[PDB]
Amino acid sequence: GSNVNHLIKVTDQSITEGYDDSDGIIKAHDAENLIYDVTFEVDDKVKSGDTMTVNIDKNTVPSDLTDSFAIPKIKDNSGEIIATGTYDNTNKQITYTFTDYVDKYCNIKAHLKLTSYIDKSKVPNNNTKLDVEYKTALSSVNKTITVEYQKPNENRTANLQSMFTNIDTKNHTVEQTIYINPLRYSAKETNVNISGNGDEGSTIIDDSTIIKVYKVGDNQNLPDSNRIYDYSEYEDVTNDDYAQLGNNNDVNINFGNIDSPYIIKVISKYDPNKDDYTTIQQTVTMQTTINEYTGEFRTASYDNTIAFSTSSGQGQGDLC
């Protein structure tokens, strides 16, 4: 069992954006993934137990919503598994190890369509030019792309932005990181209503929802990636006496008069057994009173929608 990269002949690779209308730009906040397509031959000499490698770009992860990601097993229309693979996140490398298969078939060949996303931990700033590099064995291919993030939606003092940062499909939960008042306006009587009522899907807002609120210090860092990797850096201001569930699968949060931005970390659950409007969706709305003489107020909204892309590997061969 040894590394057989030298016995692997890549016949065609290609890096691709998952969206046909943003070239050179990845809408990291629109779930635009990167696509790595590669085809390669596997020498007859390779044997059951041997391993090979595939490198996704250093600034990307197999998924932008989980961690426990599987690498597509390499199979053929026959059902037999040709090779399975593990993934090392420190180096962003996949390692496929061949099965009995390479001892039974000859003139073997396979193709991979590996999907990937921008690793926000490595790219937290809007407009970050990168030279991504994908590689299968000894053949690599490059591309130049610019990462772009969302801007906050606003109206008078109301202004926010959200993004899903994690999903537990095994336990039916989703993490939404919300930025309340990122523009530092003086927001009077701010109220944030979080809802499981989406127009295309939903989540469940109830007494099992975990809500964490943090205050962003004066000129403290607020990554355009819209994902917080180490919450310990911020002043925790949670206070459930200010969070009252609503009458409509929602929750209200009284922030009173604020001048700083806050981060709201929400963990909610979803029902995986719907027959329609099956998409996981959650909508945040920020309300503020913009007139002390009229009691009049303005809103700003932001919603999110779980969106993924799957990877895969097909192969084939001739009996020896």
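Residues carry their position along the shown sequence, with the first being 1.
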Task: Residue range whose averaged C-alpha B-factor is higher in the record, 173-181 or 208-216 - done: 208-216
TODO: Please work out which of 257-265 and 62-70 has the higher mean CA B-factor as recorded in the PDB entry.
DONE: 62-70
Task: Residue, from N153, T190, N193, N91, that the PDB entry assigns the highest Cα B-factor - done: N91
- [ ] Check where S202 lands among this chain's C-alpha B-factors and tell me if it's the lowest, middle or highest third.
- [x] lowest
Open item on the list: How does the C-alpha B factor of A110 compare with the rest of the chain: lowest, middle or highest third?
Closed with: middle
Task: Chain-relative CA temperature factor third for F98 - done: middle
TODO: Tell me, lowest, middle or highest third: where does the Cα B factor of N248 rank within its chain?
DONE: highest
Task: Ranked against its chain, the third holding the CA B-factor of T16 - done: highest
